[PDB]
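To keep things clear, I will list the structure first and then write my remarks on it.
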4 protein chains.
Amino acid sequence: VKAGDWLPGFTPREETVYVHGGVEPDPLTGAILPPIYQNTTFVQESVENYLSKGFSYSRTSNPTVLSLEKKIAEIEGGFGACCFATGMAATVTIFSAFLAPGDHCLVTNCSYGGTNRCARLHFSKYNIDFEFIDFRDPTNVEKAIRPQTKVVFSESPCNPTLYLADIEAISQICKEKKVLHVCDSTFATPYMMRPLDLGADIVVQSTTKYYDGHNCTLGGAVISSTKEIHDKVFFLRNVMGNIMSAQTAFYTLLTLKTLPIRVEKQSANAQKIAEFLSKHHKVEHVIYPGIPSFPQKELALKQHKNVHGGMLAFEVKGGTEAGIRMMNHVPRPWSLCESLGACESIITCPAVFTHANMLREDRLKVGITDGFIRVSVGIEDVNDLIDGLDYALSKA
Amino acid sequence: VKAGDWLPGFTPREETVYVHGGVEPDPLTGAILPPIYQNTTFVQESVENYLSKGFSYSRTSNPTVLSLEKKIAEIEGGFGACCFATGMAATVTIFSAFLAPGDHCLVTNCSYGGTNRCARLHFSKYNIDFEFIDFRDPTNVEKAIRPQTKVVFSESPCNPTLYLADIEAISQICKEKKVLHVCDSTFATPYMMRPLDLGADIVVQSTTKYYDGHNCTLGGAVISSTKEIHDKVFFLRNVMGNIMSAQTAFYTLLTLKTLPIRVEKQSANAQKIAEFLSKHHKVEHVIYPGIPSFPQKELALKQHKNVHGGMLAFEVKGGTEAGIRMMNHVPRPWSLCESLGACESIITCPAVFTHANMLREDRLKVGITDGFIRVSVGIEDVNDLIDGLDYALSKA
Amino acid sequence: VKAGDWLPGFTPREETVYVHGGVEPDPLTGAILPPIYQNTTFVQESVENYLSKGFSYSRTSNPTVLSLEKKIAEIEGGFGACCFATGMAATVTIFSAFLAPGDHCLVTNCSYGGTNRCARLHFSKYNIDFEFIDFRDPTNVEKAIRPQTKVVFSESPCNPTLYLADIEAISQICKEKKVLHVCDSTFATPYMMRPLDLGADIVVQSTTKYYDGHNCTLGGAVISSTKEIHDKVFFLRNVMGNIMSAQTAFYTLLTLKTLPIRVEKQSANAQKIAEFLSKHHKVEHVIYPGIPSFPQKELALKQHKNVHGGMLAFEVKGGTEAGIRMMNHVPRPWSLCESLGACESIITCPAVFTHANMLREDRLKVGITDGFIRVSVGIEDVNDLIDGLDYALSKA
Amino acid sequence: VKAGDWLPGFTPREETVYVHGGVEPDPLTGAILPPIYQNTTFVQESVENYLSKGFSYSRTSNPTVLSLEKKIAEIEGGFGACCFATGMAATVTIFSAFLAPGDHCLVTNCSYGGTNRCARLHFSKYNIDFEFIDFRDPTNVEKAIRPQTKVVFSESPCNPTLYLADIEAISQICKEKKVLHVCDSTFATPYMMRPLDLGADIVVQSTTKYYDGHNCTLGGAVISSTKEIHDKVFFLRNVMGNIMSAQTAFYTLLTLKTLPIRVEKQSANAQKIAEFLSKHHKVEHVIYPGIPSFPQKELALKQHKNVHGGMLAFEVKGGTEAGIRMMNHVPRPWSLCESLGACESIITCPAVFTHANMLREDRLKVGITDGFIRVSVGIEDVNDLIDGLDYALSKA
Ligand SMILES: *Cc1c(COP(=O)(O)O)cnc(C)c1O
Ligand SMILES: *Cc1c(COP(=O)(O)O)cnc(C)c1O
Ligand SMILES: *Cc1c(COP(=O)(O)O)cnc(C)c1O
Ligand SMILES: *Cc1c(COP(=O)(O)O)cnc(C)c1O
Ligand SMILES: *C(CS)[C@H](N)C(=O)O
Ligand SMILES: *C(CS)[C@H](N)C(=O)O
């Protein structure tokens, strides 16, 4: 064993894989990072040796993108991964590949609003039936499975309510009933929960949020448990033309290196903020998987590794007017905007910013209430973050 | 009026629009190029003033991308444009938006292979009927339209045969039958043919090819004739998550500046190469709209502005074996690879690469003969290009 | 000879070198463009095989930068080239490497104001004597050479007056007197004049201007006639830490591909604009090397290949007030700003924007008069450019 | 006050400044990150309103670069900062601005090798006297100052020996003698030591190392204690043409966000590795400010905040041959290369690489013994790092 080689028979530990997974020094120059293959097409040696160097056209595959895919498959525990322009593109490619007219698809009723809308407003025109149900009890999923069910699509924690789904239990149900279990674990990250380890067949990630973690790029990933599934996704990505770009892949290769230390800091901050909010006399309810009152505490402790995440939610006393006054007065360092997962702490109101297309009776039915505030905790000093919330709450 | 203003009541001439369309100096700093908005999310001033500055999240819209879209809409003569991660993503968004189960779509039978395979594999599973016909006679289109026809999808010149479609005549037919006419004018560029000027309802572009012209980025664009069509495309792009990235849009904003002078040089080179090939004893047939043997020379003179383009094709005598010997010996500066439209001259044999997914019997049905070679002419010195072809032909 | 090889014993023609110089397809993947080596450090195989793959640290050399250097040395006709963060960095590295206290340096008195200021205001504190003289007559240079003269630094055409220097004649003088002849040919480009072909020992370029040509990047280059000179420049670049970045090198590799067609278009536009101005009743003087009244016409015809360039200058009748009114009313597509060489046409007034640090009596002495306007012609439609000048002149 | 404002009268705490210092949402669009001003020149509103929007030409200043400069000045506690293409460019600008013929400069004799060689080769030719002395005792500095001394240039910890300099004491000396105290605190980072807080007049940083922390960019910064010093640095940067690019500034704006959590992880790992090495029988000496054998432990406790850093050094028993056997067998995840500060752990032997330009007798004079190894600890799992060192040491 010489410089440049791993020790044989040793599995590198987890943080080492975030730093080095999928990437060795460039064979040509020794460059320690992946060179960015900002290029459309690849020259072939001869007609007979077509594809002998592995690449032909960047819509189909690109070397920088492939380095990130290998890293993501390692981190998530999958056979292979495919990277996409956005998280929505990853989700839509799953629905495109694995559903056909007449099929039934069970979706957590608290899915990300984008997942919910691409199903209802687009794929349902192909006579695909999406049924939205409560995934908090796995027996609900078992009882709701119909003869035409092809896909069970879980999300955990859920955007924006932070409901959990028992991924292991649901995977056992789907394995018995021979249906595909797809899990969107964007809010968890693989540092907290790897659905493939818990039996899911496919994971979808919006790499926009925590894999990037810097508000820099859009991106998506599909991580497949098997070669058969991986090849189906890969084929359809080339047809739909929604692959990630090499430059986005370079950025994500760099930011993934710090995902463990970022998520540790964000989650330590979020625990302290959730505790503060839970004691605050102008806060009605606080939702965080790590505080003792979390309704699905036992599942959180079973299914979360290391941390309980950077996301929390709360409701201000006084209804919508008080929620709005609070939002309008939250000072820097907080940012009032959509998205989540970043070094910069973000405060969002789902009624207006993310789930505005959902009927208010239905919003209330899922738990998106009037004073409901979604919080993405960043890596600022937690005392500045609490000071800003306390000011805004005093104004509410 | 003053420095920094266009004079009111004047319309810039063609080349000026390539340099300046869609862009003004940054209002904040005066930067002569738009900055790159390499950022996911946009801060809002208040819950009330939501979207008051025009942006919320870059999957939906991004300022750099919107500047490119405004330029492209100006160059193509449309109401608005949407930009995509690839040309295939643009095409697939048209099929996704405008077709539903039971609908019918007419597609030119010599389409780019990717258009053909996204139809035939994928969308056909939704009980959408795609019919491939010969667009060289508009009455074929008129006769094949059904009550269920929603889209007529032309391409001109066609990939790889360079057949022309009479866009004005087909538009007249489609207007009478109230069917959408979508035209893929990637091979023409708007400098040679603007389908919206000739009555098409939608234009699809692979910006990868000539708009980029440098083998640098992938990209697509959909240019809509009306607000109603544009809004449908924009909505579905947000759902499918296949928008162009800001960094790609910046590259294409830069490269579009030189499209007229690039296409003029490529086309002058192509005319000379086509004339050379038409006299060479190893060459069976040459296809170029600018030489007198072109079968649709009358339509080329009616429909082509400025140039006859950088693309040509030819058949080497001696069939497949001769074509392969030739390809294996084409020297630099030629590149043996997929793609087209670039400063670097590219050659390929579609029977063995791009359209090798098509049955040889069907290959011949669509004119891709055994010795057929697609040539994308770049901006090198034409004597190097001709000397290289002459050397390669000596090995056939 | 097979695909991927050049024909042996053939020198590729000039436009082919702009497209392909310094770049072959990536050996690892076949990528047709140079991958961007966005990376600081390079891993070594062993202590003994240090530098066996050619790279160690990007301040010293970087693979993308080296690909551009090889291309620039080919285009300019030099032994080697070194690329820098800016044109000023290239110039300052020359002064740093080849002058020491007690040395005399002859500088064209109409040098770029930055060259003039770094000499007067900085290197003169090291007791280096910069003497500014009229380079229009080579015998002036011969007569002004002193025992301590080490460097003769010409520029042609000169910024902003467009005076020419006879590079061949001056090189003969410097070769006889054993002094180094450095030529800044930024305004010419190697498509119009290659000083190394005319005997200069070093060329300095601001790649910012025409090599980029898109207002995108800053950059500089030093092209050396010999290995001894090249190695001295390379060594000092590593010490001064002013190398070009890989991303800037990637952009310049792409934009250099179109330098010939850009400069042809800009120069055809500039000829027409200079003719228009020379007939205009509110224009006092027009300076362009291609119009028949140019005072150094005979030298322009001897020393310029293909074109007479994109730069021109003129004076409006009515002195400074009229020049200012004209500038304030020049409409789009023109831009009022510093810099030059770009696809976007630029109008500058040197008194305020570039040579404001020069005493007004001295400005007048060099020819930077009151109504003096420097024009950089882009690739817009020339009729829009003339329309805009004619409007502004009517307002002046 | 309102969303988007800092509360007046409050100062953000340390980690918040790393996330948000120097940056506010884009005023035009609300973009949460500053856009990349990848552009050379800036349009002016009128000849009169020249520079009214703050920018003219990116060699002089660029908006993205200025945002980074504001962040860096906040983090380091300075009046202002200037950013450069590399750390060497920052250092060379100090020597260029503040020294003239006849002046004297005191430099720590264990400086980074590049500082030492830019002094000894290059600036000494201008009759500037550089004197290299041992900064571990401040009275050496006091005794060596001459009437001609203009600059005292410290480094702490030193590259590669990790000697400390007492920055507060040296500043007191320099204040008494009215000499500029410049401190290169690259190895410390501002999270561990801010020399401006301890009385230094100027700080030099290689942002390549920890500010970047990802082996992605080269860069430098000069942080000035006063407006007069800042203005001198800014003026000369424009003359030397060695400003940082906008794209580099964007990368560093992103990576600085995580400097506290990166340095905390690197330092925790380094403490454990130093303790492991201090017990290993093949290791002669270990140098780390956090272990009790550190010779300057009293100063380390006074001068180091939060951590003792990611850098350590050790000597392998058996001299040069043993060091080489060890280096040749250090396995992944270690990288054998130059540079330091990164997420990827780096090891090198300065006698054979970084300081092999120093005479072995002088190498030993400055403490770089034959078996001396400089170690830059990254953020991998410490057990992989320790297992790899243990394997390598078994080959020594
Ligand atoms: C944001 C998000 C998505 C969609 O990803 P994009 O990258 O925005 O297209 C999907 N799932 C969750 C849980 C998300 O937060
Ligand atoms: C290449 C091409 C496409 C597909 O565009 P991509 O950018 O490769 O996805 C569509 N139409 C034509 C005519 C094409 O040449
Ligand atoms: C602009 C210029 C320079 C300086 O180059 P920068 O890239 O701006 O540092 C040098 N010479 C001429 C003739 C120039 O126009
Ligand atoms: C690397 C380094 C430098 C030089 O900075 P570059 O960015 O490599 O030019 C200066 N000081 C120290 C302590 C350094 O480690
Ligand atoms: C989706 C809104 S388009 C976004 N990622 C969010 O949940 O804020
Ligand atoms: C130099 C001004 S800093 C610039 N390139 C010009 O001449 O406009």
Side-chain angles (χ1 to χ4, degrees), chain A residues 40-41 57-60 86-88 112-114 117 159-160 186 206 208-209 218 238 241 243 337-341 346 348 350 353-355 374 376, chain B residues 40-41 56-57 59-60 84-92 111-115 155-160 184-188 204-210 212 217-220 238 311 338-341 354 376, chain C residues 40-41 57-60 238 241 243, chain D residues 84-92 111-115 155-160 184-188 204-210 212 217-220 311 338-341 354 376:
Chain A
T40 299
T41 194
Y57 189 70
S58 286
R59 166 162 38 73
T60 308
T86 63
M88 286 303 314
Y112 181 58
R117 279 170 243 113
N159 191 348
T186 297
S206 167
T208 306
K209 313 281 170 74
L218 301 170
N238 181 54
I243 192 165
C337 56
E338 303 172 27
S339 206
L340 58 102
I346 288 170
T348 304
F353 288 16
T354 324
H355 281 72
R374 189 187 67 200
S376 172
Chain B
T40 292
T41 189
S56 58
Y57 189 70
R59 176 181 10 92
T60 310
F84 294 84
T86 63
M88 285 304 313
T91 299
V92 152
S111 64
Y112 172 60
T115 308
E155 186 176 305
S156 190
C158 282
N159 191 346
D184 182 344
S185 47
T186 297
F187 273 36
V204 174
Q205 287 282 0
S206 173
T207 66
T208 308
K209 301 321 181 350
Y210 285 102
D212 180 301
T217 69
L218 300 173
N238 183 48
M311 298 303 300
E338 297 162 66
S339 203
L340 60 105
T354 57
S376 169
Chain C
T40 299
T41 194
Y57 189 70
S58 286
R59 166 162 38 73
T60 308
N238 181 54
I243 192 165
Chain D
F84 294 84
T86 63
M88 286 304 313
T91 299
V92 152
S111 64
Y112 172 60
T115 308
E155 186 176 305
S156 190
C158 282
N159 191 346
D184 182 344
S185 47
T186 297
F187 273 36
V204 174
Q205 287 282 0
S206 173
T207 66
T208 308
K209 301 321 181 350
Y210 285 102
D212 180 301
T217 69
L218 300 173
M311 298 303 300
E338 297 162 66
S339 203
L340 60 105
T354 57
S376 169

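First listed ligand is number 1; within each ligand, the first listed atom is number 1. Convention: sequence-line order gives letters A, B, ...; per-chain numbering from 1. Computation of the quantities below employed the complete heavy-atom set of this structure, encompassing side-chain atoms and omitting hydrogens, waters and symmetry-equivalent molecules.
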Rounding to 0.5 Å, atoms SG (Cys158(B)) and CZ (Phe187(B)) come to a distance of 8.5 Å
When distances are taken from atom 4 (C) of ligand 4, the protein heavy atom at minimum range is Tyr112(D) CE2, 3.6 Å
So the atoms of ligand 5 within less than 4.0 Å of a heavy atom of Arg59(B) turn out to be 1 (C), 3 (S)
Logged contact type for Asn238(B) with ligand 5, heavy-atom cut-off 4.0 Å, is neither
Atom 11 (N) of ligand 4: closest protein heavy atom, distance to 0.1 Å, is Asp184(D) OD2, 2.7 Å
Within the 4.0 Å heavy-atom cut-off, what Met88(A) brings close to ligand 5 is neither
Contact region, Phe353(A) to ligand 5, non-hydrogen atoms below 4.0 Å, reads neither
*Just distances here: any N/O of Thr91(D) and N/O of ligand 4 closer than 3.5 Å?*
no
Yes or no: does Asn159(B) have any heavy atom under 4.0 Å from an atom of ligand 2?
yes
Logged contact type for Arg59(C) with ligand 4, heavy-atom cut-off 4.0 Å, is side chain
Distance-only N or O hit between ligand 4 and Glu155(D), under 3.5 Å: no
Among non-hydrogen protein atoms, atom 2 (C) of ligand 4 lies closest to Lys209(D) NZ, 2.5 Å
For atom 8 (O) of ligand 4, the closest protein heavy atom turns out to be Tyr57(C) OH, 2.6 Å
for atom 5 (O) of ligand 4, nearest protein heavy atom and its distance come out as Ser206(D) OG, 3.0 Å
When distances are taken from atom 8 (O) of ligand 5, the protein heavy atom at minimum range is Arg374(A) NH2, 2.7 Å
Can you tell me if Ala89(B) has a non-hydrogen atom under 4.0 Å from ligand 2?
no
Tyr57(B) heavy atoms within 4.0 Å reach ligand 5 at atoms 3 (S), 5 (N)
Per-atom filter on ligand 4: closer than 4.0 angstrom to a heavy atom of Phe187(D) are 13 (C), 15 (O)
In short, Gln205(D) meets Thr186(D) closest at the heavy-atom pair OE1-CA, 3.2 Å
Examine ligand 5 and decide if any of its atoms is less than 4.0 Å from a heavy atom belonging to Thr348(A). no
Residue, atom and distance of the protein heavy atom nearest atom 3 (S) of ligand 5 read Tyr112(A) OH, 3.4 Å
Do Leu218(B) and ligand 2 have an N or O pair less than 3.5 Å apart? no
Under 4.0 Å, counting heavy atoms only: does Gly341(D) come that close to any atom of ligand 4? no
A student checking ligand 5 against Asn159(A) at a 4.0 Å heavy-atom cut-off should list atoms 7 (O)
Per-atom filter on ligand 5: closer than 4.0 angstrom to a heavy atom of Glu338(A) are 2 (C), 3 (S), 8 (O)
ask   = Under 3.5 Å between some N or O of ligand 4 and some N or O of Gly87(D)?
value = yes
On a heavy-atom basis, the closest approach of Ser376(B) and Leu340(B) is OG-CA, 3.4 Å
Near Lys209(A) (heavy-atom distance under 4.0 Å), the atoms of ligand 5 are 5 (N)
In ligand 4, the atoms that come under 4.0 Å of a heavy atom of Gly219(D) are 7 (O)
Here the atoms of ligand 5 under 4.0 Å from any heavy atom belonging to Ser339(A) are 6 (C), 8 (O)
Per-atom filter on ligand 4: closer than 4.0 angstrom to a heavy atom of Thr208(D) are 7 (O)
Taking the non-hydrogen atoms of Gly114(A), is any one of them nearer than 4.0 angstrom to ligand 5?
-> no
Do any N/O atoms on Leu340(D) end up under 3.5 angstrom from N/O atoms on ligand 4? no
